[PDB]
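Heads up, the thing below is written out as C-alpha cells.
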Amino acid sequence: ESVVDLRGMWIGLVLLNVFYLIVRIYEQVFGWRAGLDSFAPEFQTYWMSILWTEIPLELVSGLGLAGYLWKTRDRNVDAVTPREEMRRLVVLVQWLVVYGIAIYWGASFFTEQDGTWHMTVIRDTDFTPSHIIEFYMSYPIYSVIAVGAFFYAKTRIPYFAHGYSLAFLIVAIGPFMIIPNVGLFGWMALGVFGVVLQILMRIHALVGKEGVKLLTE
Amino acid sequence: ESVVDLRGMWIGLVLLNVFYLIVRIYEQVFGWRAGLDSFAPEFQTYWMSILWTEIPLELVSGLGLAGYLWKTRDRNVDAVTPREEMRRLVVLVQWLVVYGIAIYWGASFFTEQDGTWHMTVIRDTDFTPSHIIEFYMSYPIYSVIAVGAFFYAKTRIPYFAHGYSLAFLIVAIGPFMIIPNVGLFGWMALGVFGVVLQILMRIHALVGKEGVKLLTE
Amino acid sequence: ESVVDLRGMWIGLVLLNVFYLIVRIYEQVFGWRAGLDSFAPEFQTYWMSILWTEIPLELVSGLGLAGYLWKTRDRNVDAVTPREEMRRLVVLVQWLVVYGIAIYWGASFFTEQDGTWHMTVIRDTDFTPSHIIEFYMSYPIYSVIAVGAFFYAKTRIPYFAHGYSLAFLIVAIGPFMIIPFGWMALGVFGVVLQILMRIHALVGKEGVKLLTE
Amino acid sequence: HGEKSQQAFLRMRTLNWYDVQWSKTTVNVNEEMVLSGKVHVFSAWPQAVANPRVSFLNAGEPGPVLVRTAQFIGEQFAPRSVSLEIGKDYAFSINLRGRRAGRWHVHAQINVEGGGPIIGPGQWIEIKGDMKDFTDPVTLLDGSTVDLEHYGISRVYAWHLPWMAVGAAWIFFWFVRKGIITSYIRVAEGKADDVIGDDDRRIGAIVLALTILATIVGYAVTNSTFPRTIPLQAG
Amino acid sequence: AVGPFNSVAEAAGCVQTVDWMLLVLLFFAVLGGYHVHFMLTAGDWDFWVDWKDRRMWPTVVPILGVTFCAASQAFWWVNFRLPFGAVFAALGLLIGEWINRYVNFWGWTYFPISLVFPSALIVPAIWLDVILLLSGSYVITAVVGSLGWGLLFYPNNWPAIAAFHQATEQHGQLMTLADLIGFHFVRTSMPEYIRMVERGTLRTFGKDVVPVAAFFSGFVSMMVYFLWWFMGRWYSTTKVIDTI
Amino acid sequence: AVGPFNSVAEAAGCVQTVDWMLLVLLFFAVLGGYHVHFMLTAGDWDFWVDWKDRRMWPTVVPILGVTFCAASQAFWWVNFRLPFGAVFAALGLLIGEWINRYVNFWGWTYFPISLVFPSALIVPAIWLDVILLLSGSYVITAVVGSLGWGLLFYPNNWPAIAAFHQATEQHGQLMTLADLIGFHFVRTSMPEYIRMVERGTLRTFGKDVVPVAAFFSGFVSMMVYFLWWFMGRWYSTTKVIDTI
Ligand SMILES: [Cu+2]
Ligand SMILES: [Cu+2]
Ligand SMILES: [Cu+2]
Ligand SMILES: [Cu+2]
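Residue numbers (the entry's author numbering), protein chains in the order written: chain K, 16 to 199, 224 to 256; chain C, 16 to 199, 224 to 256; chain G, 16 to 195, 224 to 256; chain I, 29 to 263; chain B, 9 to 252; chain J, 9 to 252.
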C-alpha cells in the first residue's frame with residue numbers, strides 16, 4: 016500500500032509536546048504562588064492532585080499498552096512479507112522517535128529544571144512541584160512509551176519476536192533503575232545504539248543486491 | 016548389591032554432632048571461669064592445650080585423608096559400571112552432606128558465637144576461647160571434609176577424575192581464603232551449586248529413557 | 016650471509032649508556048649549584064635549555080624513526096625466506112635489548128632519582144632538574160625506541176605485519192599512559236613469546252627435537 | 029518556608045533567633061529594604077549537625093525576588109563562609125533591593141557546613157513595580173559602572189550560539205553528503221572507504237584549522253577587552 | 009526392572025533418599041555462606057535491639073539480605089523450576105541465627121532474647137519467591153520482586169519491635185525500652201555512639217523516616233538482586249577445566 | 009519494480025525519511041542520557057558562574073564530558089564511518105542545557121543568564137571528531153584526541169568567561185563580578201563553601217593553575233575515553249538472548 020505512514024508518529028509528537036507545554040505553563044502559574052508551602056492546602060489542590068492522579072493513570076496506561084500489543088500480536092509472524100516487515104520497521108522507527116522525545120522531556124527538560132527549583136526552596140518534602148513532574152510524571156511516561164516500542168517490535172517483527180534483543184531489553188528496563196544512583224563513570228541506557236543497529240540490519244537484508252549495491256552505490 | 020548405603024554418612028553425622036556437642040558443653044563450663052584471663056595459667060591447661068593439639072592433628076588428618084583417597088584411587092575409572100557409578104555418586108552425595116553440616120557448625124554456629132564472646136571480654140589476645148574453636152578448629156575441620164569430598168570424587172568418578180570441576184575446585188580451596196577480608224558484593228563458596236548440578240547431570244545420564252521420561256513423567 | 020650481526024645493538028647500547036652517563040655527570044655538576052633556584056637566570060641556561068631542546072628533538076626523532084621504518088618497509092613480506100626471517104627476528108631481539116635498557120634508565124634510574132631530589136628542594140616549579148631528565152627526556156627516549164621496535168617488526172616480519180600483536184601494541188602505547224594493584228607494560232612477555240613462536244617454527248623437526256633433545 | 033517539616037528538636041537546639049526586623053514590609057522595584065536580627069549559637073550543639081565552625085548567612089526567599097546588595101554578621105561583611113562559636117551570639121543584617129513584583133515571605137537563614145539550612149523568622153514583603161525596570165548596578169575598580177541584571181549576557185550568546193550553529197553545520201553536512209542507511213550499508217558491505225577517504229579528510233583538516241584559529245582569535249580579542257581579571261575570591 | 013537399579017522400588021527408593029540428601033546438604037550449605045556474609049556486613053544491626061532504628065537497619069538489612077535470596081533463586085528456579093529459592097535462604101539464615109542467639113547470646117553469655125533477637129525476613133522472602141513464581145522472569149522479580157522485599161521489611165518486623173519502642177522516663181530523660189534493654193544488660197564492648205542508628209538531620213522533613221528508608225531499600229535491592237542472580241548463575245557452573 | 013518498494017521513488021523516498029527519523033530519535037536519546045549523567049556528576053560546576061574557577065571546573069568537566077563523546081564516536085564511526093560522534097553528543101548536551109537555563113533557570117526562577125550559563129564544549133568536540141577523522145584510529149583519538157579535548161576547554165571558554173572576572177571593590181574587599189552575580193541573585197541553598205573551587209595551597213608554584221588543570225584534564229581524559237569507547241561498543245550490541 017504504502018510502507019511509510021507517519022500519521023501515528025505525528026499524533027504522538029503533537030499529543031505529547033502539547034501536553035508538556037501545558038504542564039510547563041501550568042507550573043509557571045502554580046509553581047509560583049501555590050507550590051511553595053507544602054503544608055498549605057493550596058498544595059493539596061494544585062500539586063498533590065497530580066501525583067495521586069498520574070500514578071494509577073500511568074500504571075494502567077502502561078499495562079494497557081503492553082497487554083493490548085501482545086493481544087494484537089501477529090500469531091504467524093514468520094510469514095510477514097518483505098513489504099509488510101518494511102512497513103512494520105518504519106512503525107518501529109516511529110515508536111523510537113516518540114520514545115526519543117519522551118526521553119528529551121523527562122531526562123533533560125524536567126530533570127535539570129529540578130536543579131533550578133532546588134535554588135528556590137529549602138524543601139517541605141520530596142513531593143516538590145518539580146519532583147511530581149520529573150519523577151512521577153515525565154519519567155514514567157517515557158518509561159511507558161519504551162515498554163511500548165519494545166512490546167510492539169516483539170509482537171510484530173520476526174527477530175524481535177523469539178529472542179529478546181538485549182539492547183532493547185535494556186532500553187525498556189533500565190528506566191526502572193534510574194531511581195537508585197541516586198535520589199535524583225555510570226550505568227546508562229544508550230541501548231538504543233543496539234536497537235537502531237538491529238533495525239538497520241533488517242533494512243539491509245530487505246533489499247536485494249538490487250537496492251543495496253546498485254541503487255545506493 | 017545395593018546402590019544406597021548411608022551407614023558411612025551416619026558415622027560422619029553422629030561422629031561430628033557429638034564432637035561439637037562435647038565442645039560447646041566444654042566451652043560452657045571452661046569458657047566461664049577458666050578462659051577469661053589469658054595470662055592466667057588455667058588458660059594454658061584448658062584452652063591453649065586445644066590450639067596446640069588440633070592444628071598438627073588437623074594437618075595430619077587432612078593429608079591423611081587426601082593421600083589415602085588418592086592411593087585407593089580406582090586406576091581404571093572409565094570402566095566403572097552404571098550401577099557402581101550410581102553407588103559412587105550416592106557416596107559423593109554423602110560426603111557432601113557431612114560437608115554441609117561441617118559448614119553449618121564452623122560458619123554459622125561457632126562464627127556468630129564469637130560475636131557474643133566479643134561482648135563478654137575486652138581481649139587478652141586473638142587466641143580467645145571462641146577463636147580457638149572457630150578459626151583453628153571448626154574451620155579447618157570442614158576444610159578437611161571438603162578436600163575429602165573433592166578427592167573422593169576425583170578418584171572414583173569419571174568426570175571428576177580427568178578434569179577438575181571448577182565448582183568443586185572452588186569449594187575445596189575457597190576455604191583457604193576466609194582468613195583474609197577480614198583477618199578476624225563479596226567472594227564466597229556456594230560452589231556446591233555447580234557440584235550438585237554436576238552430580239545431577241550424571242544421574243540424569245545414568246537412567247535410559249526408561250527411567251527418565253517414563254518412570255518419572 | 017650471517018643471521019646474527021649485533022653490530023647495530025652495540026651502536027645502540029654504547030650510544031645510550033654514554034649519553035646518560037654524560038647526563039648524570041652533568042646533573043651532578045649543575046644540579047648542585049645551578050638548579051636550586053628556578054627563578055635564577057642560571058636555571059634558564061643550564062636546565063631550561065635542555066627542556067626546550069629535547070622535546071621537539073624527541074618529537075622529530077620519533078616521527079623520523081617511524082616514517083623511515085614504514086618507508087623502508089618490505090613490500091613483499093610474505094616471501095621472506097627462513098634465513099632472512101631469522102636474521103630479521105634477531106634484529107628485532109636487538110631492538111628489544113636497546114628498549115630494555117632505555118626502560119631501565121627511564122623508569123628505574125631517573126625515576127627513583129627524582130625521589131631523592133624531592134628531599135633536596137621544597138620546589139620552585141615542576142620543571143626541576145630531575146623532572147626535565149625523567150619526564151621530558153628518559154621517558155620520551157625509551158618511548159621512541161619502543162615505537163621503533165614496534166614499527167620495525169611491523170614492516171619486516173610476516174606475523175607482525177598484517178595483525179597488530181596485542182602485547183606489542185600495548186608495549187608501544189602504554190608509554191603514553193604513564194603521565195596519569225596497577226596497569227603496566229610487561230607486554231614484552233607476549234612479544235618475546237611471539238618471537239619465540241616463530242623461532243620454534245623456523246627449525247624443522249631437525250633443529251627442534253633433534254639438535255636440542 | 030519549609031521550616032515546619034524540619035526536625036523539631038534540631039530547630040530548637042541550634043540557632044536561637046531574636047529581635048528580627050524588616051526595614052519596610054513594602055518596596056518598589058529598586059527600593060532597598062533591610063532585614064536584621066541577632067542569633068545565639070546554642071551551647072549543647074546536637075550531634076546530628078556539623079559544628080558551626082563553617083556557616084553562611086542567607087535571605088530565605090523564593091529566588092532573586094530581592095537582589096542582595098550586601099550582608100553582615102559578627103561585624104563583618106560576609107559574602108563568604110564564616111565561623112560561629114558555640115554558646116555566643118552574633119548580630120547580622122542583609123541589605124535587600126526589590127526586584128520582582130509580588131508578595132514574598134522573606135527569612136533570615138543560616139546554613140552549617142555539614143548541617144543543612146537553619147531558617148529564622150520570615151515576614152511577608154509586598155513588592156511593587158515592573159521587573160523590566162529593575163537594575164543593579166555596580167562599579168568596577170576601573171571606575172566604570174555595569175547593570176548586573178544584564179551585564180555580559182550579550183557577549184556570552186555572542187560566543188555560544190555561533191559555535192552551536194557551527195556544531196549543527198558539521199552534523200548536517202556529513203548527514204546529507206552520505207546517509208545513515210547508505211553509509212551503514214556501504215560499511216556493512218566491503219566498504220567503507222567510499223564513505224570516507226580524502227578529500228573528506230581535507231574538509232576535516234580545514235574545518236579544524238578554522239576552529240583553532242577561531243579560538244586563538246576569540247581568545248586574543250577577549251584578552252584585549254578585559255586585560256585585567258582576577259580569580260574567583262573564596263574561603 | 010530398570011538398570012542400574014534392580015527393582016522399580018530400588019530406583020524410586022534411592023531417588024527419594026538422594027532427594028533428601030541434596031535438599032539437606034544444600035540447606036546448609038547456603039545457610040553457612042549466607043550467615044557469614046550477612047553477619048559480617050549487616051552485623052550488628054541484627055544482634056542488638058537498640059540498633060534496630062528507623063533509618064539504618066531497615067536500609068542495610070534488606071539490601072544486604074536480598075543477596076543470597078537472589079542467588080538461591082537463580083539456582084532453584086533455573087535448574088528445577090522450584091519456587092522456594094528466596095525462602096530456602098531467608099529461613100536458612102533465621103534458623104542459623106535464632107539457634108545462636110538462644111544457645112549462645114543467651115545460653116552461653118546470658119543476654120535476654122529481647123536484646124539479641126534477629127530481623128524478620130520470611131514475609132519479604134515469600135513475596136520475592138511468589139513474584140518469581142507468577143511471572144517466570146527474574147527481570148520482573150528483580151524489579152517488583154525486590155521492591156516488595158524492600159517495603160515489607162519494616163512492616164513485617166513491627167509486630168516483634170513495637171513492644172520495645174514504648175517510652176520510659178529514666179532519671180529525667182526519655183528512653184525507649186529498647187535503649188534501656190541495651191543500657192541494662194552490660195555489653196563489654198558496645199558504647200552507645202558505635203551504634204549507627206538515626207540521630208536526626210536538618211534535611212529530614214516529616215514524619216517520613218521509615219517510608220523513605222524502605223523505598224530506598226527497595227530501589228537499591230533491585231541492583232543487588234540482579235548482580236546476585238547472575239552470580240547465583242556463575243556459581244551454578246558445571247565448567248570443567250584442564251589444569252591448575 | 010524494486011521490491012519491497014514499488015517505485016525507485018518509493019525506495020529513495022522512504023530511505024530519506026527514515027534517515028531523518030533515526031538521526032532525530034538518536035539525537036535525544038544520547039542527549040537525554042548524556043545530560044542526566046553529566047548534570048549528576050559535573051553539576052554544579054556547570055550551573056553556576058561562581059563555580060567556574062581555574063582548578064576544579066576545567067578539570068572535572070572535560071573528564072566527565074568526554075564520556076558520551078567517546079561512546080557516541082564508537083557508535084557513529086564504527087558503524088557508519090560518520091565523523092560527527094563527539095559533536096553529536098557535545099551539541100546534544102548544550103541544547104539540552106541552554107534550553108533549560110533559558111526556559112527554567114531564568115524563565116521560571118529568574119536567575120540571570122549571567123549566573124546560569126553552561127560550559128563551552130563544541131570546540132573540543134570538534135578537535136576530537138577531526139582527530140578520529142584524520143587518523144582512523146580510536147587509539148590515536150584516545151591519545152592526541154582527548155589531550156586536545158582537555159587543553160582547548162578553558163581557552164574556548166575564556167571568551168564567555170573573561171567578562172565576569174573583572175574586579176570590583178565591595179565593602180573594602182575584592183570580588184570578581186562573578187562572585188557578585190552569585191552573591192546578589194539569591195539561591196536558597198548554595199552557601200559559598202559548598203563551592204569546590206580553587207582556594208590556594210602551599211604546593212602551588214606560579215602562576216600555573218590553569219595549564220596544569222588542563223594538562224591534567226587532558227591526560228585523565230585518555231583513560232575515560234578508552235573506557236567509554238569500549239562501552240560505546242558494548243552498548244552497540246546486537247546480541248539476542250534466549251530467556252529472562
Ligand atoms: Cu529535587
Ligand atoms: Cu574475635
Ligand atoms: Cu618530582
Ligand atoms: Cu516562610
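C-beta: ideal position from N, C-alpha, C; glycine also.
Using a Cβ cut-off of 7 Å, pull out every chain I residue sitting near residue i, in sequence order please.
i, result
"J:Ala97", "Going along chain I, no residue has its Cβ under 7 Å from J:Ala97, so there is no contact; the nearest lies around 10 Å."
"J:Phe92", "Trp198, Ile199, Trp202"
For residue i versus residue j, is the C-beta distance shorter than 7 Å?
i, j, result
"I:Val223", "I:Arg214", "yes"
"residue 259 of chain C", "C:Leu199", "The structure shown has nothing for residue 259 of chain C, since chain C only spans 16 to 256."
"J:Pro70", "J:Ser229", "yes"
"K:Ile194", "B:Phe227", "yes"
"B:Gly100", "B:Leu39", "yes"
Just to confirm the assignment, what range does the alpha helix (DSSP H) spanning residue i have?
i, result
"I:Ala87", "Premise fails: I:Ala87 lies in the beta strand (DSSP E), 83 to 88, not in any alpha helix (DSSP H)."
"J:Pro70", "65 to 88"
"J:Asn108", "93 to 108"
"C:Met101", "97 to 118"
"G:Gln59", "57 to 61"
"K:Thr131", "125 to 133"
"K:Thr170", "154 to 171"
Which bits of chain J does residue i rub up against, with CB to CB less than 8 Å?
i, result
"I:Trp45", "Here the premise fails: no neighbours, minimum Cβ distance about 18 Å."
Go ahead and label residue i buried or exposed: buried means 16 or more other beta carbons lie within 10 angstroms of its beta carbon, across all protein chains shown.
i, result
"K:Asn91", "exposed"
"K:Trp62", "buried"
"C:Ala164", "buried"
"C:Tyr119", "buried"
"J:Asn164", "buried"
"B:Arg207", "exposed"
"B:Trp166", "exposed"
"I:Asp117", "exposed"
"B:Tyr118", "exposed"
"G:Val75", "exposed"
"C:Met227", "buried"
If I follow the unbroken beta strand (DSSP E) through residue i, where does it start and stop?
i, result
"I:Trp45", "43 to 50"
"I:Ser121", "117 to 126"
"I:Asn56", "54 to 56"
"J:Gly226", "That residue, J:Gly226, is in no beta strand (DSSP E); its alpha helix (DSSP H) goes 217 to 243."
Going along chain I in order, which residues have a C-beta closer than 9 Å to the C-beta of residue i?
i, result
"K:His243", "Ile209, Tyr212, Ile213, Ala216, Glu217"
Using a C-beta to C-beta distance shorter than 7 Å, which residues of chain K count as neighbours of residue i?
i, result
"J:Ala37", "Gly115, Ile118, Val231"
"J:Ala50", "By Cβ distance, chain K contributes nothing, its closest Cβ being about 11 Å from J:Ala50, past 7 Å."
So which residues of chain K does residue i contact, with C-beta pairs closer than 8 Å?
i, result
"B:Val218", "Neighbours of B:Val218 on chain K: none; closest Cβ ~14 Å, over 8 Å."
List, in order along the chain, the chain C residues whose C-beta lies closer than 7 Å to that of residue i?
i, result
"B:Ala19", "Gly250, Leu254"
Can you name the residues of chain I whose CB is closer than 8 Å to the CB of residue i?
i, result
"residue 253 of chain J", "Residue numbering for chain J in the displayed model covers 9 to 252; residue 253 of chain J lies beyond these limits and cannot be assessed."
Given that residue i touches chain K, what residues does it touch there, using C-beta distances under 9 Å?
i, result
"I:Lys32", "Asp52, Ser53, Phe54, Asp139"
Listed by chain order, which residues have C-beta atoms less than 7 Å from any heavy atom of ligand 4? I:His29, I:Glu31, I:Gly88, I:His133, I:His135, I:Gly150
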